[PDB]
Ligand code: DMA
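Coming up is one lone chain in structure tokens, specifically the form solved without dimethylallyl diphosphate.
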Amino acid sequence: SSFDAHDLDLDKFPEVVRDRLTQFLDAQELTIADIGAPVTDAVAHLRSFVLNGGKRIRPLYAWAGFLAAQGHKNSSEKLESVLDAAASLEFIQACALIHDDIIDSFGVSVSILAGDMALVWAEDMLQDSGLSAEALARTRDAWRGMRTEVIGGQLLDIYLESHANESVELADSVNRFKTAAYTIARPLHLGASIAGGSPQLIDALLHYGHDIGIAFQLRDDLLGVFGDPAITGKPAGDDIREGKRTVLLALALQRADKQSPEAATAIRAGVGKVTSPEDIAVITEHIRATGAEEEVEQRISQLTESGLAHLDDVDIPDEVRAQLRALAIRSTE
């Protein structure tokens, strides 16, 4: 744990997060073993899942929020406690991915309960972090907001998929709550609250997180259709096969209805129903021909520009600002 406590290192931070998560998971072993070997076996699977992949973007943003607020001075909280608070976000994400996997498709029984274990341990990892009572109290707004917002965002998303709903507005809401609040804005808010950040600083970070978080989901939607598996780690056009209700898809249908009824029909008939690479590609080319991809790219550009501008609105240490800009640019390109 000898890293620079005043500077933001994007590339090495995930290593620190994995260390904190390792320590926490190790500490649960005896209690789990007192219950029984099959529970040890289930938690081993959760442990592998939590430790063995993830970009750690959410703890990274919490850490950046702490550094942005903590300025050139010393917060009185223990460094280890701050890092554990940041890292606890990985357990929320583990639950989200495990539960979303069941939703987008017993191992189902073990998965539901493993996800629930991850969610209770996210809370424990925060409450047992060693943050002071005062710091814990300051976490409430961001932590209460984040967890209601992400689950509320997922509920809205489930509805769109189940009702094959084509509202651009509703897809926007999903992006605001399921992604932007959850992934960027509230982690920044959490880290800044731990550091005792001012309302002005928190406001600037929350605006950045709102704009960059939406742009990040839009980029992710474009990659889920047009990106190479080498970049996405899923088969090409997975989002077509899965029937995701994206802003890209809503805009493609809006436009195709005006340009080619045959094309609009083929997209409607195909999304979330086709399987073969060939069928996926044909729907994808119909989407591209609508012009919707460029409209999404324009939104990403606009949001990236406005999110970055929000950082100039308050004083943030130079190095932290630089890294928040770099993180945004990597996230959205």
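So that there is no doubt, residue numbering starts at 1 and follows the sequence shown.
What comes next is about the form solved in complex with dimethylallyl diphosphate, which is not displayed.
Can you pick out, from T179, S81, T139, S75, the residue that has a heavy atom within 4.5 Å of dimethylallyl diphosphate in the deposited bound form? Result of the distance check: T179.
> Between the options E169, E262, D228, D104, which residue brings a heavy atom to within 4.5 Å of dimethylallyl diphosphate in the deposited bound form?
Replying inline: Exactly one residue meets the criterion: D104.
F216 within 4.5 Å of dimethylallyl diphosphate in the deposited bound form, heavy atoms:
Heavy-atom contact with dimethylallyl diphosphate at 4.5 Å: present for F216.
Touches dimethylallyl diphosphate in the deposited bound form: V110 (any heavy atom, 4.5 Å): Flag for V110 set to no.
| task | Mark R299 yes when one of its heavy atoms lies within 4.5 Å of a heavy atom of dimethylallyl diphosphate in the deposited bound form, and no otherwise. | result | Output for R299 is no: heavy atoms all beyond 4.5 Å of dimethylallyl diphosphate.
Open item on the list: Within 4.5 Å, heavy atoms only: does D100 come near dimethylallyl diphosphate in the deposited bound form?
Closed with: Within the cut-off, so yes.
**Request:** Given that the partner is absent here, state which listed stretch (139-147, 247-255, 202-210, 182-190) has heavy atoms within 4.5 Å of dimethylallyl diphosphate in the deposited bound form.
**Result:** Correct option: 182-190.
Original post:
Taking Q93, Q154 and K234 together, does each of them reach dimethylallyl diphosphate in the deposited bound form with some heavy atom inside 4.5 Å?
Top reply: Yes, each of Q93, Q154 and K234 comes within 4.5 Å of dimethylallyl diphosphate in the deposited bound form.
Residue by residue through 30-64, tell me which have a non-hydrogen atom within 4.5 angstroms of dimethylallyl diphosphate in the deposited bound form. Going through 30-64 in order - heavy atoms within 4.5 Å of dimethylallyl diphosphate in the deposited bound form - the hits are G54, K55, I57, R58.
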